[PDB]
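Engineer: Residues in the sequence shown are numbered from 42 upward in steps of one, following the authors' numbering. Every residue gets a Cβ at the ideal spot worked out from N, C-alpha and C, and that includes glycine.
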Amino acid sequence: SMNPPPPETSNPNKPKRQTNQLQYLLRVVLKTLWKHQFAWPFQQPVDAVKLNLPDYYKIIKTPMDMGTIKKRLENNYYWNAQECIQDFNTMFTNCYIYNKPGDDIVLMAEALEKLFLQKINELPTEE
Ligand SMILES: Cc1cc(C)cc(Nc2nccc(-c3c(-c4ccc(F)cc4)ncn3C3CCNCC3)n2)c1
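See the structure below:
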């Protein structure tokens with residue numbers, strides 16, 4: 042089935058700010074996860090057309106990915122760190138919902154999620 046448009050990444054009507062926590066989420070968390078050997082399926086929206094997954098967006102109605110998260114952080118789309126953390130969590134949960142436990146893609150997500158959690162544990166205090 043057709044892909045949906047990717048998630049919104051810029052909103053001129055949405056107020057903006059820079060915080061040490063958002064800067065960390067971009068320069069440490071996103072960067073580190075991006076470079077991980079298992080990152081590639083998570084670096085862009087799931088192309089369900091190319092992958093022949095006609096039911097993907099019947100099941101997943103809140104898609105998310107790290108390509109989108111990168112843009113959101115760049116465009117100061119987020120007011121707070123929790124919005125961004127929520128997007129990462131959504132990204133992983135979608136993968137877990139659509140797939141069978143122990144599947145390759147799930148082991149890949151679990152490793153990335155482990156690393157994510159280790160990094161957010163070291164989220165700096167809001168300065
Ligand atoms: C042949 C092959 C094998 C593997 C292991 C991966 C891929 N490529 C690829 N690219 C983007 C997505 C997925 C994917 C996802 C998925 C879901 C959510 C998310 F955030 C990230 C990924 N969930 C399932 N998949 C596929 C669907 C077809 N069967 C393999 C898993 N797979 C291609």
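Applying the criterion that 16 or more other CB atoms from any shown protein chain within 10 Å of the CB defines a buried residue, is residue 70 buried or exposed?
Structural biologist: Working through the sequence shown from its first residue, we reach residue 70 at position 29. Its Cβ being crowded by 16 or more others within 10 Å, residue 70 is buried.
Engineer: Along the chain, where does the alpha helix (DSSP H) that runs through residue 61 open and close?
Structural biologist: By 1-based counting over the sequence shown, the position of residue 61 is 20. Where residue 61 is concerned, the enclosing alpha helix (DSSP H) stretches over 61–65.
Engineer: Need the endpoints of the alpha helix (DSSP H) that residue 134 sits in, please.
Structural biologist: The sequence position of residue 134 within the sequence shown is 93, counting from 1. Note, residue 134: alpha helix (DSSP H), 122–139.
Engineer: What is the rounded straight-line gap between the Cα of residue 168 and the Cα of residue 134?
Structural biologist: Working through the sequence shown from its first residue, we reach residue 168 at position 127. Working through the sequence shown from its first residue, we reach residue 134 at position 93. Approximately 30 Å between the Cα atoms of the pair.
Engineer: Could you check the C-alpha separation between residue 97 and residue 89 for me, to the nearest Å?
Structural biologist: Mapped onto the sequence shown, residue 97 falls at position 56. Mapped onto the sequence shown, residue 89 falls at position 48. Their Cα atoms are separated by approximately 6 Å.
Engineer: Less than 7 Å between the CB of residue 146 and some heavy atom of ligand 1, yes or no?
Structural biologist: Looking up residue 146 in the sequence shown gives position 105. Yes, ligand 1 has a heavy atom inside 7 Å of this Cβ.
Engineer: If you check the beta carbons only, do residue 64 and residue 75 fall under 8 Å apart?
Structural biologist: One-based indexing of the sequence shown puts residue 64 at position 23. One-based indexing of the sequence shown puts residue 75 at position 34. For residue 64 and residue 75, no; Cβs fall outside 8 Å.
Engineer: Just how far apart, CA to CA, sit residue 93 and residue 136?
Structural biologist: Taking the first residue of the sequence shown as 1, we reach residue 93 at position 52. Taking the first residue of the sequence shown as 1, we reach residue 136 at position 95. Approximately 16 Å, taken between the alpha carbons.
Engineer: Does ligand 1 have a heavy atom nearer than 7 Å to the CB of residue 125?
Structural biologist: Residue numbering aside, residue 125 sits at position 84 when the sequence shown is read from its first letter. It does not: the Cβ of residue 125 is nowhere closer than 7 Å to a heavy atom of ligand 1.
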